[PDB]
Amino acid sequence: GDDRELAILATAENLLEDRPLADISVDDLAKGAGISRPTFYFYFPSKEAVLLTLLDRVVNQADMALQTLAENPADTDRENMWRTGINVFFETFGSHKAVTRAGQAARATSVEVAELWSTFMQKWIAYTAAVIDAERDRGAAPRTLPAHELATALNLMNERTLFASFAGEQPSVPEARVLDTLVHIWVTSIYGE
């Protein structure tokens, strides 16, 4: 039962590494999963719904890893605390580049993809703002910008910068320099006066 669904998902992820969703057919997905085209339609109504499920898995993987980090006590080294959190996103999405690339392109055409991304960005921005607020409460960070607005711009920067680096876009920060670049901007803007 679930083995066929997982085979369809694993096939779509493998094919997305070599070509976009528009160049992948239902025949290609069914062939790779070792099933017929009508058996595919039992599990998914379209190749677009396969992508949505793949993105949902990657997004929940990053969210669960962040929750594991958030539940444990806070790092006493301010810079390190932010670097470890940004690293969760760099590693999770960076381990699924083809899904990340396809998922971002789908946001323009799919209401479901746009809604899924929006829900998780709101969660991640709210947590970021809560940590900035805690840093301000303990006197470690100055009260400069509204914390939720600052958190919004820094999360949007990471989204655009990490995904440009993974895709090797021109322009982009080299993947081997992107974590240090983002951490510097987060620490200086959060603690800087």
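Numbering starts at 1 and follows the sequence shown.
As listed in the deposited structure, the average C-alpha B-factor of 41-49 and of 155-163 is greater for 41-49. Look at the mean CA B-factor for 142-150 and for 32-40 in the entry; the higher one is 32-40. Ranking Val111, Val99, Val88, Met121 by Cα temperature factor from the entry places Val111 first. As recorded in the PDB entry, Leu21 shows the highest C-alpha B-factor of the residues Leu179, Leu21, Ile185, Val173. Sort the chain's modelled residues by C-alpha temperature factor and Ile8 lands in the middle third, per the entry.
Among all modelled residues in this chain, the alpha-carbon of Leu69 has a temperature factor (C-alpha) in the highest third. In the deposited entry, the Cα temperature factor of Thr84 sits in the bottom third of values across the chain's modelled residues. Among all modelled residues in its chain, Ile125 ranks in the lowest third by Cα B-factor. In the PDB entry, a CA B factor belonging to the middle third of its chain's modelled residues is recorded for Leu55.
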